[PDB]
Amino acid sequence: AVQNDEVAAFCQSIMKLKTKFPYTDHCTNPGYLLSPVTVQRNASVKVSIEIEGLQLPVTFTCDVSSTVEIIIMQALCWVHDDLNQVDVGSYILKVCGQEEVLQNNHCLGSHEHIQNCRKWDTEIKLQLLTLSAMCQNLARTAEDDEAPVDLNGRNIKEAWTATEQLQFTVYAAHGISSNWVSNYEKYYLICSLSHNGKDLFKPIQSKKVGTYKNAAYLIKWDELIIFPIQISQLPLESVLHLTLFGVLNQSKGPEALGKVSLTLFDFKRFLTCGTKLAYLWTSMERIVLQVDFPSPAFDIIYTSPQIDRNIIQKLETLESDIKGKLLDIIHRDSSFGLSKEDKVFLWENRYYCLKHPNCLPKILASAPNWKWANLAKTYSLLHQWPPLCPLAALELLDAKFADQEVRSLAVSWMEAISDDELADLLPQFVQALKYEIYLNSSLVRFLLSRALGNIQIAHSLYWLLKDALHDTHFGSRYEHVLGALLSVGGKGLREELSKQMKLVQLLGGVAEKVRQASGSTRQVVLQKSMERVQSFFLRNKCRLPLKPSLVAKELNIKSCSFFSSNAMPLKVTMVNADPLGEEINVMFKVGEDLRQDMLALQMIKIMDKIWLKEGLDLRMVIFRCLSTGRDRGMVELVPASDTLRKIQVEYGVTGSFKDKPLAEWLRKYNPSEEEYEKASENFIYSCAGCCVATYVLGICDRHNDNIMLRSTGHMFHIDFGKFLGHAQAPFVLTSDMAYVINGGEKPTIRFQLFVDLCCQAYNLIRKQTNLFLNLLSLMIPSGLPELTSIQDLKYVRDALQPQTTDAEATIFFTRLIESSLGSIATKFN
């Protein structure tokens, strides 16, 4: 009745968000993916541009710092004597093979594709063309704009006056299973009342009751629950949690069967009255739980406290000894280990901190309470507060800040963030929706707005929301959000996402068919199971879900295979629809949850962004991984790369040195002195980044199989089964690795560089301790093995040592490296 009205009101606001995004505005409706950029502190590069009319592409050297706009008319100056009548605004640059367009107002160096090519030393192949020739099949139409949002596939009393006690009678649970009446004797509910993800009072337990007489489908309590709180004392974003328990029969402890969460105030600030039905899920099973709230002759509405139109100016009383203690906690890493006496102090001296905006999350966490009376003073500060850094504002979208005025203000500051930065943070933003109690929020409208204006964000949101549907508690919410995204995306995007969904469903079928057969059968099973994928590609041309810029037209069946390890992963080899492009090699794995692999890769990618933004390039391998369902997805295959194991055993056959397996492997593919030197250098930098990442994220499962090495010399992790396992040498540097770093059997200045890079990097991550703790905090509700409590964050905070300064931290990590060497540590200084 009110929930169907909330869905109706959501749709109407989404219908008027669509009005801001007409199909005519190419800016927000291009029809193509933008090649992603990560701003880098600014070097020459050779680029190979294909031009219409020319049979050979023009190859010239560009300044890395120079903008794509001038590189486009550098390429036009090569073909045309004078560009007075060529229409320079007509033209764009796209990556050869990949349906992604370079951003005209960004440096060539900024683009991820240019950064990657430079690292591998591969040829930068671009194509000069006009948006007329550029594929715009994903573009929204006039039909999509005019189309409505479907989303599917009298007397009032103000709350602050309401002295009535919060009470409700848990009536009954309906439709219990046959295996429930089998196992459990009696059932009881535990009722808890929370705000800012924290209990207001201890949870009240219901009486233990069996199934109702002559009705084994029904549990009837009909018990009145009374909390020791008035309606006036309830914050707006108050939530009632009901967990059902079942005591087992003598044929252990009581088992948690399911959870339910009711908002005491609805989306129009009216207190929940009369009978309300909530649905808890178990096994595909739908259990209806009835809660009867009081129903007086009047509706109780929440009204915010009258605004405090106050400006605190600028002359304030200054004490010098408090100034020291205040700026000490203002420049503290985070609000994590902040003690009670530190909070009361900051809260008292909060109005002195107005020239350090990024310390607001420390102030709001220091608040004594969120009582109705004490909200006026909080809103007064908030609405006169300077704008926060988007990455700082992330903390205000966590569980511990449920207030709508804080969250709505956090999202308003967030609008300052770029699409390219947001794109890599989307998983945390999707989880943050769980802390929005109302369907229609500032956060969901923000995400839908960016999804409309950027096809890479919309594409990423699709797969993240599709994974979030499997949440038993929040699957209902994400259903409505994904329906809003798909509806607003348009026919073009929808029809393409459907082709991607069918491909993964077919790749899923073959993947589990392959693992379910015998060794002799497997090769024949794959070749026959891939015929249904061969059929798919002859009626459809599909974009790779992992990287939707790549369009596959056909499968290279004879090149397709399996990796012959645990889970028997597939090696899907597709041919590019673009002849200018190259073969598409991806892995599809089934059985393993690839979300914790996704988080590890994300954290390593953010580390790389932080380093590159401070001018430190550790030449890191950043490969993609996407979860396309429950315990299945596809992983980017890094080309010309093997595990340290295979390299150590294959050159332990030929050599009895067991000191130069990695060295003689790199010399095989890098024979010239300068080629081996650049390969050894690539190793030093990539190894330093891996050692830092290994320690901070806590990955002790780094052995010869789990570490991989590219032929160019770049080291990178592949397995992330162990992650945040700080329950323990953290990383290991073998005699093989040391020999490559030194460039000899004795220590050189190249090891001092490796040590300098490690410590320098370690400190640049310590500077962003708050971001990492916030990004890992927001992924807690995802439900990943070893990221469940807030104590799991402390382990990462301890690794980052925010207490120490860069001097002491350098000494610590330098002793980590000396410990890492172990046996051969004696040789070094």
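Superpose the two forms; the largest set of C-alphas matching within 1.5 Å is the rigid core. One rule holds for the numbers: they count along the sequence shown, beginning at 1.
Rigid core fitted first, then name the stretch among 682-690 and 718-726 whose C-alphas deviate most from the displayed form in 5 other deposited structures of this protein. Evaluated in 5 other deposited structures of this protein, the stretch farther from the shown form is 718-726.
Greater root mean square CA deviation, 657-665 compared with 322-330 in 5 other deposited structures of this protein, core aligned: More C-alpha displacement in 5 other deposited structures of this protein shows up in 657-665.
Quick check on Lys252: across the other compared entries (only those modelling residues on both sides), is it unmodelled in a third or more? Result for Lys252: often missing, at least a third of the compared entries.
Taking the other compared PDB entries with both flanking residues modelled, is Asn42 unmodelled in at least a third? Per the records, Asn42 goes unmodelled in at least a third of the other entries.
Unmodelled stretch from the deposited sequence between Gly153 and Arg154, which bin: none, 1 to 3, 4 to 9, 10 or more? The entry has 10 or more unmodelled residues between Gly153 and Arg154.
Looking at the deposited sequence, how many residues between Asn214 and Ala215 were given no coordinates in the entry: none, 1 to 3, 4 to 9, or 10 or more? Per the record, no deposited residues are absent between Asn214 and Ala215.
Taking the recorded C-alpha temperature factors, which stretch has the higher mean, 664-672 or 600-608? Comparing 664-672 with 600-608, the higher mean C-alpha B-factor belongs to 664-672.
Between the two ranges 456-464 and 154-162, the one averaging a larger CA B factor in the entry: 154-162 has the higher mean C-alpha B-factor.
Determine which member of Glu415, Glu100, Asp321, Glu395 has the highest CA B-factor, using the values in the deposited entry. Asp321 has the highest C-alpha B-factor of those listed.
For the listed residues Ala577, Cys273, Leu242, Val86, which one has the largest C-alpha B-factor as given in the deposited model? Among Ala577, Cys273, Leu242, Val86, the PDB entry lists the largest C-alpha B-factor for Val86.
CA B-factor placement of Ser735, once the chain's modelled residues are sorted into thirds: Middle third, going by the recorded CA B-factors of the chain.
Third of the chain, ranked by Cα B-factor, where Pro57 sits: Middle third, going by the recorded CA B-factors of the chain.
Could you say whether, by C-alpha temperature factor, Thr122 belongs to the lowest, middle or highest third of its chain? CA B-factor rank for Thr122: middle third.
Ordered by C-alpha B-factor within the chain, which third holds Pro254? Give me lowest, middle or highest, please. Its C-alpha B-factor belongs to the highest third of this chain's values.
Where does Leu784 sit by CA temperature factor within its chain: lowest, middle or highest third? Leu784: CA B-factor falls in the middle third of its chain.
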